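Enquirer: Experimental coordinates for this protein are included below, preceded by the sequence.
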Number of protein chains: 24
Amino acid sequence: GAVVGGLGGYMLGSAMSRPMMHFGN
Amino acid sequence: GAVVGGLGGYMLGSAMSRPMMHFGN
Amino acid sequence: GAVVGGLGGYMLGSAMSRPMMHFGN
Amino acid sequence: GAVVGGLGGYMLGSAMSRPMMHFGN
Amino acid sequence: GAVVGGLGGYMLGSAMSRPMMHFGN
Amino acid sequence: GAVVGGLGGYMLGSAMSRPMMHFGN
Amino acid sequence: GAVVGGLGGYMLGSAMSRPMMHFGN
Amino acid sequence: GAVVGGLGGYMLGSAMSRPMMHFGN
Amino acid sequence: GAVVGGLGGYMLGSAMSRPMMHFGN
Amino acid sequence: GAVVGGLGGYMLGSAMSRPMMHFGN
Amino acid sequence: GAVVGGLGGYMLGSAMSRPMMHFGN
Amino acid sequence: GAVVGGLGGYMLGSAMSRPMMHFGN
Amino acid sequence: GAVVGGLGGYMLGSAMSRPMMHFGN
Amino acid sequence: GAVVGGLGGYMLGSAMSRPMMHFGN
Amino acid sequence: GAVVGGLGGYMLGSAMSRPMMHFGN
Amino acid sequence: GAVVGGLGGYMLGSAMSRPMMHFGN
Amino acid sequence: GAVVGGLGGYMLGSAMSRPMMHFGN
Amino acid sequence: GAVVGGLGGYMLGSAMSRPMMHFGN
Amino acid sequence: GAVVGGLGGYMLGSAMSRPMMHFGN
Amino acid sequence: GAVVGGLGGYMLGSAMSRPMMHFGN
Amino acid sequence: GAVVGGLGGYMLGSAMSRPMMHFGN
Amino acid sequence: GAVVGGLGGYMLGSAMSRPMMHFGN
Amino acid sequence: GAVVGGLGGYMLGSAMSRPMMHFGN
Amino acid sequence: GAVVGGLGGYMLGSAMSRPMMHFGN
């Protein structure tokens, strides 16, 4: 099993500084 | 089993500094 | 089993500093 | 079983500093 | 006639296990 | 006639286990 | 005639186990 | 007649296990 | 007649295990 | 008649295991 | 098993500095 | 098993400095 | 001048038969 | 002048038969 | 002048029979 | 002048029979 | 002048029978 | 002048029978 | 520090004339 | 620091004349 | 630092005359 | 630093006259 | 530094007269 | 540094008169 969601989204006129995304372990 | 939600969303005219997202363990 | 919600949302003209999101354990 | 809600919401013209969200254990 | 709505929606950071959708009869 | 609504909605950081939706008869 | 509403809504950080929705008859 | 809606939607960072969708009968 | 909708959507950073879609009967 | 929709969509950074799609009957 | 979502999204008029994405472990 | 999503997306009029993407381990 | 509001709202699981809306004169 | 609102809204699982909307005069 | 709104909205799992929309005069 | 809005929207799992849209006069 | 909007939208799993759209006059 | 919008959109898993679109007059 | 909210909102069938928004100083 | 929100929102069937938005200083 | 949001949004059936957006200083 | 959002959005059936967008200074 | 967003978007059935976009200074 | 977004987008059934885009200074 283990159906695992990740990151989904919309950035519209937005700002994001130094994101750290780890998909695992 | 283990159906696990992640991160879904909309950023509209928004600011997010140094997010840390870990999807696992 | 274990159907587990994550983080879903809308950021509209908003600010979020250094969020830490862990989806697991 | 264990149907577990997470975090859902709307941030409109809002500010949130250093949130810590843990979805697990 | 018979204008019949179905299923429309948004899943944001969410989990749904074994859904059964029947559009008919 | 028979204008019939279905299911419309938003799931934000939510969990739903084994839903059964029948649109008909 | 027969204008019939269905199910519309928002689930925010919520949990719903084994819902049964029948739109018909 | 019989204008019949199906399934339309957005899955953003989400998980769905073993869905069963039947469009007919 | 019988104008029948199918399945339309967006999967963004999402996971779906063993879906079964039948368009007919 | 019988104008019948199929499956249209976008998979972005997503995972789908063993889908079964039947367009007919 | 282990159907695991990654990162899917739209950047529209947006800025992202030094992102670190690890898909594994 | 292990169906694992990667990174899919659209950059429209956007800027991204020094991204680091590792698909493995 | 003449800043004039129109009709804004949410219909959730609701039914409305033969509405007549005129925005003008 | 004459800033005039129109019709904005959400229909979720709802039914509306034969609406007549005139934006003008 | 005359900045005039039209019709904007979301139909989620909804049904609408024979709408008549006139944007003008 | 005369900046005039039209029709913008989302149909998700919805049904609409014989719409008549006139953008003009 | 006369900046005039038309019809823009998304049909996701939806059905529309015999639409009549006139952009002019 | 007369900047006039037409029809732009996405049909995803959708059905549309006998549409009539006239861009002119 | 200084996590500062901006302007987030929904305008549904509404009218707003000559707004002046300054996000800064 | 200085995580600063901007302007995020939805305009549905709405009218806005001569807005002035300055994001800076 | 200085993570600064811009303008993100949806215009659905809406009208906006002579907007002035300055992203800077 | 200075991660700065711009303008991201969707115009659906909408009208915008003489916009002035400056991304700089 | 200075990661700066530009203009990203979708125009669907929309009209825009004499836009002036300057990306610089 | 200075990673600077430009203009990216989709025009679907849309009209744009005399746009002026300057990418520089």
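Expert: Sure, I can see it. Numbers count the residues shown, from 1 in each chain, chains lettered A, B, ... in the order given.
Enquirer: List the contacts of residue A:22.
Expert: Contact analysis of residue A:22 by C-beta atoms under 8 Å, 6 or more residues apart in numbering or on different chains lists B:21, B:22, B:23, B:24, K:21, K:22, K:25. (Each C-beta comes from the backbone N, C-alpha and C, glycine too.)
Enquirer: With just CA atoms, put the host helix or strand of it into CSV.
Expert: Element membership for residue A:22 (DSSP states H and E) is strand A:20-23. Extracted as CSV, the C-alpha positions of strand A:20-23 are listed here (Å, rounded to 0.1, in the frame of the first residue of the first chain):
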residue,chain,number,x,y,z
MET,A,20,13.3,22.7,0.9
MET,A,21,11.1,19.8,-0.3
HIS,A,22,12.1,16.2,0.5
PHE,A,23,9.9,13.5,-1.0
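Enquirer: Adjacent strands (with direction) for it?
Expert: Counting by DSSP bridges, the strands paired with strand A:20-23 are strand B:20-23 (parallel), strand K:20-23 (parallel).
Enquirer: Can you tell me which of those is nearest to residue H:17?
Expert: Among the strands paired with strand A:20-23, strand B:20-23 comes nearest to residue H:17, with 16.5 Å by C-beta to C-beta.
Enquirer: chain center to that closest one, what's the gap?
Expert: The chain centroid and the centroid of strand B:20-23 are separated by 7 Å under C-alpha atoms, centre = their mean, to the nearest Å.
Enquirer: Which among the strands paired with strand A:20-23 is found nearest to residue O:12?
Expert: That would be strand B:20-23 among these, by C-beta to C-beta, at 27.6 Å.
Enquirer: Can you give me the buried ones in that closest one?
Expert: For strand B:20-23, burial by neighbour count (16 or more other C-beta atoms under 10 Å in any protein chain shown) applies to B:20, B:21, B:22, B:23.
Enquirer: from those residues, which is closest to residue O:15?
Expert: Nearest to residue O:15, judged by C-beta to C-beta, of the buried residues of strand B:20-23 is residue B:23 at 37.7 Å.
Enquirer: who's the closest residue to chain H within chain A bridged to?
Expert: Using C-beta to the nearest C-beta, the closest approach of chain A to chain H is made by residue A:8 at 3.6 Å. Per DSSP bridges, the residues bridged to residue A:8 are residue B:8, residue K:8.
Enquirer: next one: residue A:12
Expert: With DSSP bridges as the criterion, residue A:12 is bridged to residue B:12, residue K:12.
Enquirer: Distance check, residue A:3 against residue N:6.
Expert: Using C-beta to C-beta, to the nearest Å, we find residue A:3 at a distance of 42 Å from residue N:6.
Enquirer: Also residue A:12?
Expert: 22 Å.
Enquirer: Touching, residue A:23 and residue K:4? I think so.
Expert: Yes: using C-beta atoms under 8 Å, residue A:23 is in contact with residue K:4, at 6.7 Å.
Enquirer: Need the residues touching each of these two.
Expert: Counting by C-beta under 8 Å, 6+ apart, the contacts common to residue A:23 and residue K:4 are A:6, L:4, L:5.
Enquirer: just checking, which of those belong to strands?
Expert: Under the assignment DSSP state E, the shared contacts of residue A:23 and residue K:4 contribute residue L:4 to strands.
Enquirer: Which ones, among the shared contacts of residue A:23 and residue K:4, also lie beside chain I?
Expert: Intersecting the shared contacts of residue A:23 and residue K:4 with the contacts of chain I gives A:6, L:5 (criterion: C-beta under 8 Å from any C-beta of the partner chain).
Enquirer: can I get the shared contacts of residue A:23 and residue K:4 in a markdown table with neighbour count and distance to residue S:16?
Expert: Below are those laid out as a markdown table (neighbours: other C-beta atoms under 10 Å in any protein chain shown; distance: C-beta to C-beta, whole Å):
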| residue | neighbour count | distance to residue S:16 |
| --- | --- | --- |
| A:6 | 36 | 38 |
| L:4 | 22 | 47 |
| L:5 | 30 | 41 |
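Enquirer: Number of residues surrounding whatever residue of chain A ends up closest to chain T?
Expert: Using C-beta to the nearest C-beta, the closest approach of chain A to chain T is made by residue A:13 at 6.6 Å. For residue A:13, the count of nearby residues is 37 (other C-beta atoms under 10 Å in any protein chain shown).
Enquirer: Please tell me how far the residue positioned nearest the centre of chain A sits from chain J.
Expert: With distances taken as C-alpha atoms, centre = their mean, residue A:7 lies nearest the centre of chain A, 3.3 Å away. Residue A:7 sits at a distance of 8 Å from chain J (criterion: C-beta to the nearest C-beta, to the nearest Å).
Enquirer: show me what contacts that residue?
Expert: A:21, A:23, B:6-8, B:21, B:23, H:13, I:13, J:13, K:5-9.
Enquirer: run the last query once more with 10 Å
Expert: A:19, A:21, A:23, B:6-9, B:19, B:21, B:23, C:6-7, C:21, C:23, E:13, H:12-13, I:12-14, J:13, K:5-9, K:21, L:5, L:7 (C-beta atoms under 10 Å, 6 or more residues apart in numbering or on different chains).
Enquirer: One more: residue A:20?
Expert: Neighbouring residues of residue A:20 by C-beta under 10 Å, 6+ apart: B:18, B:19, B:20, B:21, B:22, C:20, K:18, K:19, K:20, K:21, K:22, L:20.
Enquirer: before we move on, what about residue A:9?
Expert: Per C-beta under 10 Å, 6+ apart, neighbours of residue A:9: B:7-11, C:8-11, E:12-13, H:12-13, I:12-13, K:7-11, L:9.
Enquirer: partners of the helix or strand containing residue A:16, with directions?
Expert: Per DSSP H and E, residue A:16 falls inside strand A:15-17. Counting by DSSP bridges, the strands paired with strand A:15-17 are strand B:15-17 (parallel), strand K:15-17 (parallel).
Enquirer: can you pull the buried residues of that strand?
Expert: Within strand A:15-17, the residues that count as buried by 16+ other C-beta under 10 Å are A:15, A:16, A:17.
Enquirer: can you pull up the bridge partners for the last one?
Expert: Listed beta-bridge partners, residue A:17: residue B:17, residue K:17 (assigned using DSSP bridges).
Enquirer: Could you give the number of residues near residue A:2?
Expert: Residue A:2: 18 surrounding residues under other C-beta under 10 Å.
Enquirer: correction: residue A:12
Expert: Neighbours of residue A:12 (other C-beta under 10 Å): 33.
Enquirer: mind pulling up the phi and psi values for the residue of chain A closest to chain T?
Expert: Per-residue torsions, residue A:13: phi 60, psi 40 (degrees, to the nearest 10).
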